[PDB]
Amino acid sequence: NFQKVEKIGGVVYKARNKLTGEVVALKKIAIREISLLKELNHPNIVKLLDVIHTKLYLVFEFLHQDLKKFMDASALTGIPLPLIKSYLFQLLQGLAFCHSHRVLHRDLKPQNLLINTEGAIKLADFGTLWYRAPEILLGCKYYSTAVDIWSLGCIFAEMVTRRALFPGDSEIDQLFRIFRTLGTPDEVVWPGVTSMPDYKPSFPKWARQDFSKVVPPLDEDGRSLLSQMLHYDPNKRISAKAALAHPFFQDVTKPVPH
Ligand SMILES: O=C(O)[C@H]1CSC(c2ccc3cccc(O)c3n2)=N1
Ligand SMILES: O=C(O)[C@H]1CSC(c2ccc3cccc(O)c3n2)=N1
C-alpha cells in the first residue's frame, strides 16, 4: 500500500502511496484527539490525510524540510529578519487557530516546524528540554496554551542569534539555565510559583539579565514581543492572537527562502 522511501524523523518516513502516487510522510506508532486533529484545515498546520489502525499509522502531507535543517544551513549568515518575522507570524497564526479549537501542541521545536519552497511554514507532530516551559519543568500537570508561546519564544530567539537560548542537559539544568538568564522566579512575578509540585526553596537565587544581552541585535519591538512570550507567569504570557497584533509585525511580508 505504501512504499517507504527513507526515514525522516514514533517514527516518520517519506513514503509513496501506490494507490495515488502521492508522496506522503508516514508516521508509525484516544480516537477523539486524532479526530479533532484530522478535521483541522489551516495553511500553517501540516495536514493529517489519513489514519490507519492495524499499530497506528498517520499519513501526513509531505513538506520540503524542517526549520532545524534550514537554521543549520543558515548558521553562517543567519536568516534574514524579514523571513524570521514571516515565519514567526505564520507560526502564531497556526497556534492561534489550534488554541481557539482547544488544541495544544506541547512539544514545539525546530525539528517539528516544516517549511516549503514558497515561504510557508507549518506546525507538525502535535503532542527536547530546550523549549519546555518552566511550569512543565516545575511539575504542573494541568498546563495551558501558554506552554506553546514559551516554546515559540525560545525558537524566535534561536532564529535571531543562531544559538539555542536555553540548551539544558537535564531538567534541573534546563530550569537553572532559565533562572540564570531571566532571574529566579518568586511570588511577585509569578504568584503561586512556590507551591508548584517540584519547586524547592533551595533553588539558587539569580538576578535577571539586563536582557539587552540575550537576543542582540534584535530591535526593541522584537525584544518587547519576546519578553512577553517569556513571562514566567503563564497567565501573563502573551496569547498567539494578541501577539499577532504586536507592532513587530507592522511591516511583515512573506519572502521566498533560499
Ligand atoms: O511527527 C509528525 O506528526 C509528522 C508530521 S509530518 C512530519 C515530518 C517530520 C520531519 C520531516 C522532515 C522533512 C520533511 C517532512 O515532511 C517532514 N515531516 N512529522
Ligand atoms: O516574568 C516576567 O515578566 C519577568 C518580569 S522581570 C522578572 C524577574 C524575575 C525574577 C527576577 C529575579 C531577580 C531580579 C529580577 O529583576 C527578576 N526579574 N520576570
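Chain A residue numbers are taken from Swiss-Prot; in order, the displayed residues are 3-11, 16-35, 48-72, 75-147, 165-295.
Header says: X-ray crystallography, 1.9 Å.
Each Cβ is built from the backbone N, Cα and C atoms, and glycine gets one as well.
For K9, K88, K89, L166, the entry in Swiss-Prot reads site 'CDK7 binding', with the evidence type experimental evidence. What Swiss-Prot lists as phosphotyrosine is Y19. The active site, proton acceptor annotation in Swiss-Prot covers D127. The Mg(2+) binding site annotation in Swiss-Prot covers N132, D145 and rests on experimental evidence.
Everything Swiss-Prot records as a feature, shown here on the structure.
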{"residue": "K9", "record": "site 'CDK7 binding'", "DSSP class": "strand"}
{"residue": "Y19", "record": "phosphotyrosine", "DSSP class": "strand"}
{"residue": "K88", "record": "site 'CDK7 binding'", "DSSP class": "helix"}
{"residue": "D127", "record": "active site, proton acceptor", "DSSP class": "coil"}
{"residue": "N132", "record": "Mg(2+) binding site", "DSSP class": "helix"}
{"residue": "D145", "record": "Mg(2+) binding site", "DSSP class": "coil"}
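Take the Cα of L166 (site 'CDK7 binding') and measure to each of the recorded positions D127, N132, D145: the nearest one is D127. Missing segment of 17 residues between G147 and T165: the endpoint Cα atoms are separated by 13 Å.
Separation of the C-alpha atoms of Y19 (phosphotyrosine) and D145 (Mg(2+) binding site): 13 Å, rounded to the nearest whole number.
Taking only the Cα positions, the spacing between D145 (Mg(2+) binding site) and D127 (active site, proton acceptor) is 8 angstrom. Checking the recorded positions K9, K88, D127, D145 for a CB within less than 6 Å of any atom of ligand 1 leaves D145, listed in sequence order. Between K89 (site 'CDK7 binding') and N132 (Mg(2+) binding site), the C-alpha separation comes to 11 Å.
Take the CB of the residue listed as 'active site, proton acceptor' and look out to 10 A: across all protein chains shown you find 16 other CB atoms. In sequence order, the recorded positions near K88 (site 'CDK7 binding') (Cα within 10 Å of its Cα) are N132, drawn from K9, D127, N132. Note on the recorded positions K9, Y19, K89, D145: the fewest other CB atoms within 10 A surround the CB of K9. Recorded residues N132 (Mg(2+) binding site) and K9 (site 'CDK7 binding') have their alpha carbons 15 Å apart, per Cα-Cα distance. Across the break of 2 residues that separates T72 from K75, the C-alpha atoms are 5 angstrom from each other. Think of the gap as 12 residues with no coordinates, bounded by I35 and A48; the Cα atoms of those bounding residues are 13 Å apart.
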